[PDB]
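# Structural overview for review
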Amino acid sequence: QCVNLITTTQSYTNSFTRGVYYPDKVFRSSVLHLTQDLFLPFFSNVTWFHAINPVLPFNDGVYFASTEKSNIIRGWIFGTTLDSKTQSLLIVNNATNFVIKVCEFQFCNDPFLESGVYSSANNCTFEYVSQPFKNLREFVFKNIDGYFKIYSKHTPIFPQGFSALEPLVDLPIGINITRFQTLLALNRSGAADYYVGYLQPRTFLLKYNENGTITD
Amino acid sequence: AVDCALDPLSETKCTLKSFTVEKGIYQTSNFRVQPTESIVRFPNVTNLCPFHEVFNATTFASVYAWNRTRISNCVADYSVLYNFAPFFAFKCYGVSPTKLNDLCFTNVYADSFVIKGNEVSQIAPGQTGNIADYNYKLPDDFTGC
Amino acid sequence: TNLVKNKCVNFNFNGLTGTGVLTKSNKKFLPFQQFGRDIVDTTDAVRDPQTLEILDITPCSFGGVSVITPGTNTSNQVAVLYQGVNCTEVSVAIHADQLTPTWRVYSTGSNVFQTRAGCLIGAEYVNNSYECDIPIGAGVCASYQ
Amino acid sequence: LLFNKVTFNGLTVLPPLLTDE
Amino acid sequence: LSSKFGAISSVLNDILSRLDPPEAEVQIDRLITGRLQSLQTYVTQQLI
Amino acid sequence: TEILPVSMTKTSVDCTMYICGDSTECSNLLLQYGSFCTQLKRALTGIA
């Protein structure tokens, strides 16, 4: 059901130092730690989508950022294929909690948000619900060693600041994820802007303060 | 002879390999305070598996229409199953019931069904019978109890 | 197992094994991070998986053992220097059998002196200054007078 | 001024024999 | 000490608890060789 | 002004807690490597 259209703006983020997250659960006080992990390169070409939907590859990590469109960008789909022949993920949010379930959903052509995304319910394997908590919403998805990691951090007011993304869930689903798709949550009968960046194997020098927070 | 663990003089004679030690200070060994106790700490066990609801169910399904329940993402506490009648008959294959409370598993499946007394011995890998061939059969490489 | 602090014990915090002294820490951890590491990547602080309290991990006391002797030709009396440790810790590890060297020097009183190089047992500290005969460390020397 | 300007798994640091004093 | 000189781990407690004593022997031997080489290098540099 | 180094930090190594750290199997395996521990301890004592 085609109900929306997007535009691809590939050239953006001339000044970008946002792709930073906590690589592990280790506390460090006034320590300059050298980390080799899947980070987002600084000043990289992040694709900007201006929707008024398409499938995007995962390729070992993806960065997601959303504008102050509250309750608009509140869905994410993951899986190697959008059909019932293989397992697929499904994540939804209601600005207070996160509901995650992985099943062999039969996705439609353009899910818009529930029967609006899938048409069947095959033999699922896992389901989870997260704990409760202009603004900026950043997200990072990883599928290393079967554990699906998600990092997030909310901050008011995009390139004029620095903030590290804290881990939220560590879903041990173990499914193969190659492609992903976002849900715009169209109103039943827009200005939804979201950024998509891909992680790469790079070395970073993390700066920890006295309280154990990544400062730079 | 010199017992090297008797006194510090014997220890410095051991280190110097000489019965006569010269005036001075000699490093013989290193001291260390041994651990007094052994502490093992784990988070509170709260995600209990649904086996309690499976065993405490009112009526089970038939032997030919048994319903399988999926057990995952929970702590398999096998000690709580003793609250029912003590008529449990344990017959495991490939795993020990005592060491089962210390191992990990990916997915656990529980099959429940009601049969008579004579068919209890038929629920085992390699058996032959009416129920074992037309109602419920276990594989040769079955792992569980 | 229950939590024990201010005591050298073998701890196991959710798979993190080791030995050390657990004390109350002033470190303000974040909810997602559990254990802390210093610049040399050694575990120096952990959180209780149940109480959620941050506990400093201090390695149990160790150091070199030095024997001070005037020479076999003079006398068999010796003094022991526990390098890099307070005399109180040595007294605690001697009262309760926790010290690695099985031999123990008799503490007759006024013979256990605390130096900046370590705890000295077997020699009495006098206020008179003499020429250094046996160098102990930190300006303290020993002699047989 | 000179003193103010100039500012564990088996490794022990031994103090010098002569102190700063 | 955090480096595994061709070993599955460097904690010296996971090796004795995961694999058999025969293979744990060669793993501990590799770790001992690595740490002894490190100590020798340190002592040589300290002598220089 | 002329500044000249006179001494450096005196260092001692257990040679056993570093390589093994309260491991009995590691100590028994290290006992087969000879007197490298003794040489290292003697060199460090000489430097000190």
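Residues numbered from 1 in each chain as written, not as in the entry; some residues may be left out. Chains lettered and ligands numbered in written order. Part of a larger assembly, values for the part shown. Heavy atoms only, no water.

Looking at the PDB entry, one finds chain F named Spike glycoprotein, with Severe acute respiratory syndrome coronavirus 2 as its source organism. For this entry, the PDB title field holds "Cryo-EM structure of SARS-CoV-2 KP.2 spike in complex with ACE2".

The name recorded for chain C in the PDB entry is Spike glycoprotein, from Severe acute respiratory syndrome coronavirus 2.

### With respect to the overall build of chain C
When you go through chain C residue by residue, the secondary structure sums to one helix and eleven strands. Relative to the globule expectation of 15 Å for 145 residues, the C-alpha radius of gyration of chain C, 20 Å, shows a markedly less compact shape. Taken along the three principal axes of its C-alpha coordinates, chain C extends 65 × 30 × 20 Å. For chain C, the residues scored as buried account for 45% of the 145 residues in total. In chain C, the share of contacts with a sequence separation of at least 24, taken over all contacts with a separation of at least 6, comes to 42%. Total accessible area on chain C is roughly 7,800 Å²; 48% of this is exposed by carbon and sulfur atoms. Side-chain charges in chain C split into 9 positive and 11 negative, and the spacing between the mean points of these groups amounts to 12 Å. (Helix = DSSP H or I, 4+ residues; strand = E, 2+ residues; numbered from the N terminus. Rg over C-alpha atoms; globule rule 2.2 N^0.38 Å. Buried < 20%, exposed > 50% of the residue type's maximum accessible area, 1.4 Å probe, protein only. Contact = heavy atoms within 4.5 Å. Areas by Shrake-Rupley, 256 points an atom, 1.4 Å probe, with all protein chains shown as cover. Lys, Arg positive; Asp, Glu negative; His and termini not counted. Charge placed at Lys NZ, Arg CZ, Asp CG, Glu CD.)

### Notes on the packing of aromatic side chains
Residue and element names in this part refer to chain A. All chains considered together, the criterion is met by 38 aromatic pairs over all chains. For the pair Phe-58 and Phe-78, a centre-to-centre distance of 6.1 Å together with 85° between the ring planes defines the contact as edge-to-face. Within this pair, whereas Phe-58 is found in the loop between β5 (56-57) and β6 (62-66), its partner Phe-78 is found in strand β7 (residues 75-79), the two being separated by 20 residues in sequence. Neither residue differs from the other here; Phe-58 and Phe-78 are each classed as buried. Ring geometry for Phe-105 versus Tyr-118: centroids 4.8 Å apart, planes at 45°, classification tilted. Of the residues examined, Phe-105 reaches a relative accessible area of 1% and is grouped as buried. (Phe/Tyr/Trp six-rings, centres within 6.5 Å; stacked < 30°, edge-to-face > 60°.)

### Considering the arrangement of the chains
The protein chains that touch form ten pairs of chains, and the pair with the most contacts between them is chains B and C. Nothing in chain A touches chain D; the tightest C-alpha to C-alpha distance between them is still 18 Å. The closest approach of any C-alpha atom in chain B to one in chain E is 13 Å; the two make no contact.

### Notes on the state of the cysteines
Applying the stated rule across the entire model yields nine disulfides over all chains. Linked covalently through their sulfurs, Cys-132 of chain C and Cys-141 of chain C form a disulfide whose S-S length is 2.0 Å. On the S-S bond that ties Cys-132 of chain C to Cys-141 of chain C, the torsion sits near -85°, and the link is left-handed. Looking at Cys-132 of chain C, the relative accessible area reads 39%, which means it is partly exposed. Assessed through its relative accessible area of 31%, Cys-141 of chain C is described here as partly exposed. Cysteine pairing in chain F follows 1-4, 2-3, where each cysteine in a disulfide is numbered by its order in the sequence. Ordering the disulfide-forming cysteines of chain C by sequence position, one finds them joined as 1-2, 3-4, 5-6. Lacking any disulfide linkage, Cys-108 of chain A is separated from the closest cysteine sulfur, that of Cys-2 of chain A, by 7.9 Å. (Disulfide = S-S within 2.5 Å.)

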